[PDB]
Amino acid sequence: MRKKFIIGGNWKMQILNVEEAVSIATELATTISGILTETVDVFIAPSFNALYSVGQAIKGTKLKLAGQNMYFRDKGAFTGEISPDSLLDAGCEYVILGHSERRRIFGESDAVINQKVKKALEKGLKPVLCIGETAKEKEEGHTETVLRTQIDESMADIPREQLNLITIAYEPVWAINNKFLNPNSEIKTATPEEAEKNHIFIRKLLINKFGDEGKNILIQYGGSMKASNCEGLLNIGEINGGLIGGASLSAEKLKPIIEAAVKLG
C-alpha cells in the first residue's frame, strides 16, 4: 500500500571520462546502500562509453544501470548506433527513450521511438519513455493533443503483458530556458501545480488506453528536480519518481531526492 518511486539519473553528456563515471557511480552505490529503499528503485544512465565499466563497478549493488538511448534493431549497418544487446551486455536494466533532446534536437519521431520501445520490451529492458510539449505547442493550445499523440504513437502496438515494464517521464519542455528548443515563446516557470495537472492528464490517458494495466505505469516528473523542491513534487499523487538531470551528477546532490522518495514510501 506504500507509494513506489523510480529515481532515474540522466547523466546526458556531462561526464566524459570512464574513470570519473565509475568513481561517481561507485560513490552513489555506496551512499544509497544504507538508505531503506524497499519501495524506491534508483538508476543512473551514463554515456555509452562508460556503461560497461560502470556496470562492472556497481554489479551486485542496489544501483541500477540505464542506457540514454539505443537503436531499434539488434545489429546491422547503423554507424554510430548502439544495440539493445550492447546495453544488456553492459548490465543495463533500463533504457531512456524519446528524451526531449532526442526528439527535438536530433529529430527522433514517434514511429522511430515506438520501434525502440517495442524492442526494449522484447529484450527485457525497462523503457523510460519520455514525452512532453514545447513552449509554442503549449501556448498555442496543443498540450493535450501533443501528449496524446506521443502516447498513442510511441506506445502503438505494445503487448499488454509487457506494459508493466514501462515508465513514463513527463518533460515540461516548455519550461526549458533554451531558445533552440523554444525559439519564439515566453519561457514560463514550471510550477508544481502545472506538474500535477500534466501528470493527472497522463494518468487518465493511460487508463483510457490500457485500463487496469494503465493505472500501474509509474509517471516520473522530468522537469527540474533538486533537493530544494523534490519533496513537494514527489508528494503529488500522480508523480511516482523523477528523471533527474544536474542533481544526479553526484551522490551529494541526488541523496536528498532519494531520501524524500523513501520518506514518502
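So that there is no doubt, residue numbering starts at 1 and follows the sequence shown.
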{"item": "Between the two ranges 192-200 and 62-70, the one averaging a larger CA B factor in the entry", "value": "192-200"}
{"item": "Mean C-alpha B-factor comparison - 90-98 and 137-145, higher one", "value": "137-145"}
{"item": "Residue of maximum C-alpha B factor among 206, 54, 218, 44, per deposited coordinates", "value": "206"}
{"item": "Where the record places residue 36 (Cα B-factor, split into thirds across the chain)", "value": "highest"}
{"item": "Position of residue 211 among the chain's modelled residues by C-alpha B-factor, lowest, middle or highest third", "value": "highest"}
{"item": "Assigned third (lowest, middle, highest) for the C-alpha B factor of residue 49", "value": "lowest"}
{"item": "For residue 115, the third of its chain into which the C-alpha B factor falls", "value": "lowest"}
{"item": "Among modelled residues of the same chain, the CA temperature factor third for residue 179", "value": "highest"}
